[PDB]
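K.L.:
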Amino acid sequence: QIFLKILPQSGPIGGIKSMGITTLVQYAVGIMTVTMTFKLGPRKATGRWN
Amino acid sequence: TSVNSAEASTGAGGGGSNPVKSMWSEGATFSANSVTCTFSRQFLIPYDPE
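Chains as they are written, first to last, in the authors' numbering: chain A, 455 to 504; chain A', 2 to 51. A prime marks a further copy of an entry chain.
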């Protein structure tokens, strides 16, 4: 399992009044590239006429 | 809430940094057989809309 989350970022605290505690609104995007190799067996030889 | 809530505070836009050094080159260097004269001007090239 690959777990992903955005690291939460704190909003401002300090001299500004009434701020409370907040988080920055952030989202993440990206490209998931998945490569899978499969082993392949050969086809069985066919004796049939038809 | 507002940054104006602190009366001695200003908003900040978090601009970029560019630690380049450049010269303002000006002056005449005289020698026995020559002078090298340098001047610098700021120039502006306007927006041309068409």
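Note that the Cβ used here is the ideal one computed from N, Cα and C, for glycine as well.
(1) I'd like to know if A':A13 contacts chain A, where contact means its C-beta is closer than 7 Å to some C-beta of that chain.
(2) Measure the Cβ-Cβ separation of A':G15 and A':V4 and say whether it is below 7 Å.
(3) For a contact defined as C-beta to C-beta under 7 Å, what are the partners of A:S464 on chain A'?
(4) Leaving out five residues on either side along the sequence, give the residues of the same chain with a beta carbon under 7 Å from the beta carbon of A:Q463.
(5) Closest by CA to A:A482, which one among A:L461, A:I456, A:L494 and A:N504?
P.N.:
On the basis of the coordinates in this document:
(1) Taking the second sequence and counting its residues from 1, the one referred to as residue 13 of chain A' is at position 12. Not an interface residue.
(2) Counting from one through the second sequence, the residue named residue 15 of chain A' turns up at place 14. Counting from one through the second sequence, the residue named residue 4 of chain A' turns up at place 3. Contact: no.
(3) Position 10 of the first sequence, counted from the first residue, corresponds to residue 464 of chain A. Result: empty, since nearest Cβ-Cβ is about 15 Å, beyond 7 Å.
(4) Position 9 of the first sequence holds residue 463 of chain A. Same-chain partners within the cutoff: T477, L478 and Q480.
(5) Numbered from 1 along the first sequence, position 28 holds the residue referred to as residue 482 of chain A. Out of A:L461, A:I456, A:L494 and A:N504, A:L461 has the C-alpha closest to the C-alpha of A:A482.
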